[PDB]
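A short worksheet on the structure shown next.
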Amino acid sequence: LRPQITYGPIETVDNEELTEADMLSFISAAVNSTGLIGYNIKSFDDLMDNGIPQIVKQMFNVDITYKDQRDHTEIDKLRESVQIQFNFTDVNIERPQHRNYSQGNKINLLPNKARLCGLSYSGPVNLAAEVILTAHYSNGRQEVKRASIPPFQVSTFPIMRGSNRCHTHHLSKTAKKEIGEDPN
Amino acid sequence: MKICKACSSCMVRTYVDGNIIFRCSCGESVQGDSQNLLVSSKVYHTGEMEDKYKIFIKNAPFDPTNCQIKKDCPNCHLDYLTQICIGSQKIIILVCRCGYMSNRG
Amino acid sequence: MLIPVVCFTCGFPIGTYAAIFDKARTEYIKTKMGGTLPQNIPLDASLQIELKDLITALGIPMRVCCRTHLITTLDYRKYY
Amino acid sequence: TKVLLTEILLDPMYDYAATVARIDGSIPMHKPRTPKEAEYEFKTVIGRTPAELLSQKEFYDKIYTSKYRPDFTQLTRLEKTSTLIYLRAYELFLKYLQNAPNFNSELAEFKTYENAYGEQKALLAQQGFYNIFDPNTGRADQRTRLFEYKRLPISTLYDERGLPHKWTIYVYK
Amino acid sequence: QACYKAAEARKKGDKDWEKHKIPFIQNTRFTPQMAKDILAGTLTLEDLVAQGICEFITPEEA
Ligand SMILES: [Zn+2]
Ligand SMILES: [Zn+2]
C-alpha cells in the first residue's frame with residue numbers, strides 16, 4: 001500500500017525563531033501524554049480485564065485420569081479408571097470489600113482502612129466451571145457425567161492503588177483528599 | 001558430504017588403497033571420483049572477508065546511518081558518496097546509490 | 001507550609017507582608033500570563049515576570065535573603 | 001457495640017461524614033469526650049445507633065447527607081465555587097457507595113468541573129517565571145560560549161618546509 | 001535531480017552548469033507556534049504524532 005498524506009514542502013518551514021527553551025514544550029507534551037507512571041496502571045488494568053480471564057479460560061484446562069481403587073462390587077471390579085476433566089468458563093475480579101462485622105452484606109474497603117488495620121487491598125475473584133467425569137470399564141465401556149457449576153468466589157487478588165478496581169477511581173480529587181488519600 | 005542414492009543418508013567416508021569409499025548404514029557403497037577429495041578445511045579472518053560484508057556493502061547507500069563524504073561519484077555525478085570502513089586494516093570503500101563502488105566492485 | 005513569619009537568614013519580619021504579597025502576585029501574574037495555561041507558566045519561555053517593584057512597594061528592603069524567602073517559599077494551601 | 005464502634009471509627013468514610021456534619025453544625029466541633037457524645041455523633045453520622053445497625057443489614061443507606069443542597073449546576077462554569085465542589089464531591093462519594101443510578105455520567109461531569117477548578121488552583125499556585133532575553137533578539141537568550149569547530153589553515157601546525165611547530169621559546173617584552 | 005541537471009548541462013559544454021544546483025535543506029516541521037499551542041493546551045503529543053511531526057522510536061528501531 002502506498003502512503004497517502006503529502007506534507008507541505010520542507011523549504012517553507014519557519015523555525016529559525018525556535019529557542020532551546022521552546023523545545024521544552026515538546027518534553028512537556030511527551031510527559032503529559034505518557035504521564036509519569038501511567039504504564040503501571042495501564043498494565044495492571046490489562047491484566048485485570050484481559051490477562052487473567054484469558055489465562056484461566058485457556059491455559060488451565062484439566063484432563064487427568066486416576067486409577068479406580070474401589071473394588072467392592074461387580075461394577076467396582078469392572079471399573080478401572082476415572083477421567084476427571086474440567087475447565088473454567090467465567091472469570092471476574094471485583095473491587096476490594098470488607099465485612100464490617102455486622103453480619104450483613106459486604107461493604108467497600110477504602111485504601112486507608114487497609115493501611116491502618118493491616119488488611120489487604122484485594123478484590124474478590126469469581127469463577128464458574130464445567131466438570132466432566134468419565135469412568136472406564138474393563139470391557140471397554142465408558143460412562144460420562146457432566147455438571148455445570150454456578151459462579152463462586154475462590155479467593156481475592158491484590159488491587160493496584162489508583163487502577164480500575166481501586167475505589168479511588170470513582171472518586172474525585174476532593175473526595176480522595178477527604179478519605180485520607182494523597183490527592184496528588 | 002555424500003548423500004546415498006536410495007535412503008538419502010549421509011554416508012561415512014573410509015580410505016582404502018588410494019580410494020575413497022562411502023559406506024552407508026543401508027549397505028550401499030560408492031566410490032568418489034573427484035569432488036570428494038576434501039578431508040577438511042579452514043578459512044581465516046572470517047569476520048573481515050569480502051563475502052561477509054556483501055549484503056552490507058550493497059545496502060550501504062540506502063542506510064541513513066552511514067557516514068557520507070563530500071566527493072563526486074564518477075558514474076552518476078552525484079556530489080556525495082557513502083564512506084564505509086571495514087576490517088582491522090581499516091579498508092575504506094566509497095559506494096553510491098547508482099551502483100558505483102570504489103575498489104572497482 | 002507557609003511563608004515564614006521572619007526571614008530564615010536575618011530575621012526581618014517578612015511574614016507581616018506575606019498575605020498581601022501573595023494575593024498581589026496572583027493579580028500581577030494574571031496580567032502577564034497571556035493564553036498559556038497556568039501549569040505551563042514555568043515553561044512559557046516568553047514570560048518575564050519581575051516582582052521587584054511589588055516587594056519594594058510592600059516596604060521590604062533590598063536584602064537578598066528576605067526577598068529570596070518571600071519569593072520562593074511554597075504554600076501548602078496551594079498544593080493540598 | 002464496642003467492637004463495632006472500634007471497627008467503624010477507623011473507616012475514612014466515617015471521618016468524611018463527621019467532617020460534613022461538623023461543617024453545618026449537626027455534631028459538635030470537638031471530638032467526643034464522653035460515651036454519650038460518641039453515641040450521639042455515631043447516631044448522627046451513620047444514621048442509626050450501633051445496636052440498630054447490626055440488627056439488620058443496611059449501612060450506607062442513611063449516612064449523613066449534607067444539609068445545604070447548593071446548586072451544583074452552576075458548577076457548569078456558570079464562598080461559592082469551593083463550597084459547591086466540596087459538597088458535590090461528598091454527595092457524589094455517597095452516591096458511589098450506594099451504587100446510585102446514572103452515577104458514572106455525573107462522575108465524569110464533576111470530573112470536568114473539578115479539572116477546571118484545579119486549573120484555577122494551579123493559577124493560584126504560580127510563583128512567577130522569568131527568561132533572560134538576548135537584547136539583539138527578543139526571546140530567550142541562545143548565546144553560549146561553547147566550542148565551535150573551524151578548519152584552521154595548515155600553516156598553524158607546519159612550516160613552509162613541512163615540519164611541525166615547537167612552541168617552546170617564550171618572548172618577553 | 002538538480003545534481004543530474006547540472007551534470008547534463010556540464011556534459012553539453014555549457015559554462016553555466018553550476019546554476020542548476022539547488023542547496024540542500026533539512027529541517028523539522030516543529031514550529032514556534034506549535035510550542036505556544038502546547039502550552040495553551042490545544043496541541044498534544046497525539047496531535048503531533050497524527051500530523052507526522054514526531055514518531056515513537058524503540059531501542060531496536062533506534
Ligand atoms: Zn553514483
Ligand atoms: Zn533576610
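Any value given below was found using the heavy atoms of this structure, including those in side chains, with hydrogens, waters and symmetry copies removed. Sequence lines set the chain letters: A, B, ... in the order given, protein chains first and strands last, and positions in each chain run from 1.
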> Checking heavy atoms, do the side chain of A:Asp22, its backbone, both or neither come under 4.5 Å from chain E?
Replying inline: both
> So, A:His167 side chain and A:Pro96 main chain: donor-acceptor pair closer than 3.5 Å or not?
Replying inline: yes
> After noting the C-alpha distance and the side-chain angles of A:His170 and A:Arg95, does the key distance pass the side-chain hydrogen bond (donor to acceptor under 3.5 Å, both in side chains) rule?
Replying inline: CA-CA 11 Å; A:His170 328 262; A:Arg95 298 185 263 271; 3.0 Å; yes
>> Quick check on E:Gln51 against chain A: is it the side chain, the backbone, both or neither that has a heavy atom closer than 4.5 Å?
In response: backbone
>> Does any backbone or side-chain atom of A:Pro9 lie under 4.5 Å from a heavy atom of chain E? Answer side chain, backbone, both or neither.
In response: backbone
> Going by distance alone, is a donor N or O of one side chain under 3.5 Å from an acceptor N or O of the other, for A:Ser148 and A:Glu130?
Replying inline: yes
>> Would A:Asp49 and A:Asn164 count as a side-chain hydrogen bond (donor to acceptor under 3.5 Å, both in side chains) here? Give the steps.
In response: CA-CA 9 Å; A:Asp49 293 334; A:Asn164 217 283; 5.1 Å; no
> Does any heavy atom of chain A fall under 4.5 Å from the side chain of E:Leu48, the backbone, both, or neither of them?
Replying inline: side chain
